[PDB]
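Here's the structure, in structure tokens; my notes come after.
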Amino acid sequence: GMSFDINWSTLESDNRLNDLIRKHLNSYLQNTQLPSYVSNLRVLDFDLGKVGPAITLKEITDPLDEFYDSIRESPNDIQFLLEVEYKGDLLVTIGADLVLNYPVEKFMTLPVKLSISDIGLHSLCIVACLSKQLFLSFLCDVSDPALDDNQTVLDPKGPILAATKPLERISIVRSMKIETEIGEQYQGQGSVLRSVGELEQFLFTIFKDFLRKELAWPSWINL
Amino acid sequence: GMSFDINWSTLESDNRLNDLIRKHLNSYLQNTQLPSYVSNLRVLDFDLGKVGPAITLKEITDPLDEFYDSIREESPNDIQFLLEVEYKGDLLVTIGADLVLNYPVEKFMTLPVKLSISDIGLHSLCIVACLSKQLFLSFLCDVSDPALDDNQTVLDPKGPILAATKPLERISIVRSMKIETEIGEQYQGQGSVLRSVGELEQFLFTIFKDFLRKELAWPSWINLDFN
């Protein structure tokens, strides 16, 4: 490709944007139900990073007709079909309050720190634009099995775009790293470490679901 | 900012884009009048590079009306970006030249010679307009151009930038450039050869600048269409 360094300070600040994303994500978190062992989940900080994705424009066409059906509830309009490969420094700092003991009740609360980072990604996205609104979406994973025999992704009767069989499609996100810091007080006993463990499992699944319902086809991010 | 790698291979081409630029640069060279010391100028190879510019968003607006009559020529919502572009990438031009030497006697000798233009410095204000269905890029100004003091907005059509376009009244889009020259090592001894080479390097420098002026600098512009 070719190396670009893009700065949009005057459109919206990195601070501003990061906090917009942070507020969405918090909106997803405080609107999902929480388990036994976690009492409070919130996004402390979000940082999109200084490292972006490798974008490969593969096709350019008119927007899909499902958009026109979406607005019937022209022209000028154009959709990009892009092969996006992200291996960057997106960082989500999440705070939580873990509930410690089965015995008796509510024995102790703990402040805990989780860090979602190093998000791996190879995927097919479409970015459509139609007066006025701009449309970004993650369609597929590049190595998803229903692209075999070179069948174009933009086929509406295809399984991709139909989304008739979500179970069979490989997850958009290929890699992820969730780390967890607790006070050195509690690194000693395994009960705490176990609760931490499935806290990170739960967080993994929660994030999985977030991207599924926000970014994955059929779920749209709209500007 | 944020680091992007953009690839437009699906639409040609690294080869075909390079060869297009090469063909039109050759078109410029073969159509420019030459000094006595250089007989022939030609483009051996062109390579846009793997390194692009640092782009900073500098406001946004609806496209200038000049576009719309340059389309009466022949739509909301079209849009124009005003960009601070800073290029110091790896653009590489390999140019062949025929050197004329006539020291003793007359037209004594001509010398196949090979020049390398590289490290093109650039810091400028560009505008990228998109109207159905066409995308228009043009380099308006140099960042440190004197008609940008007063903080007079560039997009003022009555302002000098956009209206004037006078040949020498705006600092050249191109700030820096480095030209190397390869000749037969048997000729590295003679000073006359080296001096002719120097004059050639300067002349080539100039030529390339005005080429980029005539191709990129407002009111000249580049068109990419989707049809």
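Which one of B:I222, B:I179, B:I207 is of a type in the set (A, V, I, L, M, F, W, C), in contact with an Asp or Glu (Cβ under 8 Å, 6 or more places away or on another chain) and over 29 Å from B:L155 (Cβ atoms)? Talk me through it step by step, then tell me what you get.
Numbers: B:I222 fails: over 29 Å from B:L155 (Cβ atoms); B:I207 fails: in contact with an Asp or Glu (Cβ under 8 Å, 6 or more places away or on another chain).
None of the other options fit; the residue is B:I179.
Check whether at least one residue in the stretch A:92-112 is away from chain B (no Cβ under 14 Å), on the phi > 0 side of the Ramachandran plot and part of a loop (DSSP other than H, G, I, E, B), and report yes or no.
Yes: the stretch A:92-112 contains one or more residues that are away from chain B (no Cβ under 14 Å), on the phi > 0 side of the Ramachandran plot and part of a loop (DSSP other than H, G, I, E, B).
If you check B:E86 against the conditions, is it out of contact with any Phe, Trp or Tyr (no Cβ under 8 Å at 6 or more places or on another chain), within 14 Å of chain A (Cβ to nearest Cβ) and in a strand (DSSP E or B)? Let's see the steps before the verdict.
Details: out of contact with any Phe, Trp or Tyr (no Cβ under 8 Å at 6 or more places or on another chain): yes; within 14 Å of chain A (Cβ to nearest Cβ): yes; in a strand (DSSP E or B): yes.
Yes.
Scan the stretch B:110-119 for residues that are surrounded by 19 or more Cβ atoms within 10 Å (Cβ to Cβ) and within 19 Å of the chain's Cα centre (by Cα) and jot them down.
Those that are surrounded by 19 or more Cβ atoms within 10 Å (Cβ to Cβ) and within 19 Å of the chain's Cα centre (by Cα): B:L115, B:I117.
Condition test on A:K157, is it basic (K, R), farther than 23 Å from A:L57 by Cβ, part of a loop (DSSP other than H, G, I, E, B) and away from every other protein chain (no Cβ under 14 Å)? If you could, list the steps in order and put the result at the bottom.
On the way: basic (K, R): yes; farther than 23 Å from A:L57 by Cβ: yes; part of a loop (DSSP other than H, G, I, E, B): yes; away from every other protein chain (no Cβ under 14 Å): yes.
Answer is yes for this residue.
Let me confirm something: among A:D45, A:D69, which residue is under 18 Å from A:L203 (Cα atoms) and of a type in the set (D, E, K, R)?
A:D45
Among residues belonging to the stretch A:169-196 that are among the β-branched types (V, I, T), touching a strand residue (DSSP E or B) at 6+ places or on another chain (Cβ under 7 Å) and outside any strand (DSSP E or B), point out the one that is surrounded by the fewest Cβ atoms within 10 Å (Cβ to Cβ). Walk me through it before giving the result.
Within the stretch A:169-196, the subset among the β-branched types (V, I, T) is A:170, A:172-173, A:178, A:180, A:182, A:192, A:196.
Subsequent filtering for residues that are touching a strand residue (DSSP E or B) at 6+ places or on another chain (Cβ under 7 Å) retains A:170, A:172-173, A:178, A:180, A:182, A:196.
Filter once more, so that each one left must be outside any strand (DSSP E or B): A:170, A:172, A:182, A:196.
Working: A:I170: 14, A:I172: 23, A:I182: 16, A:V196: 22.
Within the stretch A:169-196, the match that is surrounded by the fewest Cβ atoms within 10 Å (Cβ to Cβ) is A:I170.
Every residue in the stretch B:47-83 that is out of contact with any strand residue (DSSP E or B) (no Cβ under 8 Å at 6 or more places or on another chain) and among the charged types (D, E, K, R), please. Full working, then the answer.
Keep residues of the stretch B:47-83 that are out of contact with any strand residue (DSSP E or B) (no Cβ under 8 Å at 6 or more places or on another chain), which gives B:65-66, B:68-77.
Listed by number, the residues that qualify are B:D65, B:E66, B:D69, B:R72, B:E73, B:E74.
Which pairs have Cβ atoms under 9 Å, sit 6 or more apart or on different chains, and link a residue in the stretch A:196-214 that is among the β-branched types (V, I, T) to one that is surrounded by fewer than 15 Cβ atoms within 10 Å (Cβ to Cβ)?
That search, which allows pairs on different chains as well, returns A:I206/A:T32.
Among the candidates A:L29, A:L25, A:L20, A:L41, single out the residue that is touching a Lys or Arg at 6+ places or on another chain (Cβ under 8 Å), away from chain B (no Cβ under 14 Å) and hydrophobic (A, V, I, L, M, F, W, C).
Among A:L29, A:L25, A:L20, A:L41, only A:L29 is touching a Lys or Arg at 6+ places or on another chain (Cβ under 8 Å), away from chain B (no Cβ under 14 Å) and hydrophobic (A, V, I, L, M, F, W, C).
Among the candidates A:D141, A:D209, which residue alone is closer than 30 Å to A:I71 by Cα, charged (D, E, K, R) and buried (at least 17 other Cβ atoms within 10 Å of the Cβ)?
Details: A:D209 fails: buried (at least 17 other Cβ atoms within 10 Å of the Cβ).
So the residue among A:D141, A:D209 that is closer than 30 Å to A:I71 by Cα, charged (D, E, K, R) and buried (at least 17 other Cβ atoms within 10 Å of the Cβ) is A:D141.
Counting just the residues of the stretch B:85-109 that are loosely packed, with under 15 Cβ neighbours inside 10 Å and of a type outside the set (D, E, K, R), which one comes out nearest to B:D47 (Cα to Cα)? Let's see the steps before the verdict.
Filtering the stretch B:85-109 for residues loosely packed, with under 15 Cβ neighbours inside 10 Å gives B:102-109.
From the residues that got through so far, the ones that are of a type outside the set (D, E, K, R) too are B:102-105, B:108-109.
On the way: B:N102: 34, B:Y103: 36, B:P104: 39, B:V105: 40, B:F108: 35, B:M109: 31 Å.
Checked the stretch B:85-109; the qualifying residue nearest to B:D47 (Cα to Cα) is B:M109.
Given the residues B:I71, B:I60, B:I55, B:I79, which is the only one that is farther than 22 Å from B:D142 by Cβ, among the hydrophobic types (A, V, I, L, M, F, W, C) and either within 8 Å of chain A (Cβ to nearest Cβ) or surrounded by 15 or more Cβ atoms within 10 Å (Cβ to Cβ) (or both)? Outline the logic, then answer.
Values: B:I60 fails: farther than 22 Å from B:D142 by Cβ; B:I55 fails: farther than 22 Å from B:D142 by Cβ; B:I79 fails: either within 8 Å of chain A (Cβ to nearest Cβ) or surrounded by 15 or more Cβ atoms within 10 Å (Cβ to Cβ) (or both).
One residue alone meets the criteria, B:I71.
Just need a number here: residues in the stretch A:120-153 that are away from every other protein chain (no Cβ under 13 Å), touching a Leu at 6+ places or on another chain (Cβ under 9 Å) and not β-branched (V, I, T).
12
Taking the criterion of being among the polar types (S, T, N, Q) and outside any loop (DSSP other than H, G, I, E, B), would at least one residue in the stretch B:127-137 satisfy it? Full working, then the answer.
Within the stretch B:127-137, the first condition is being among the polar types (S, T, N, Q), and the residues that meet it are B:132, B:134.
Remaining after also requiring outside any loop (DSSP other than H, G, I, E, B): none.
Within the stretch B:127-137, none of the residues are among the polar types (S, T, N, Q) and outside any loop (DSSP other than H, G, I, E, B).
For the structure I just gave you, tell me whether B:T165 is among the β-branched types (V, I, T), in contact with a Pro (Cβ under 8 Å, 6 or more places away or on another chain) and over 17 Å from B:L82 (Cβ atoms). Please lay out each step first, then the result.
Working: among the β-branched types (V, I, T): yes; in contact with a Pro (Cβ under 8 Å, 6 or more places away or on another chain): yes; over 17 Å from B:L82 (Cβ atoms): yes.
Yes, satisfied.
Values in this text are rule-based calculations from the coordinates and carry no lab data. Cβ sites come from the backbone with ideal geometry, for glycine too, and all protein chains shown count toward neighbours.
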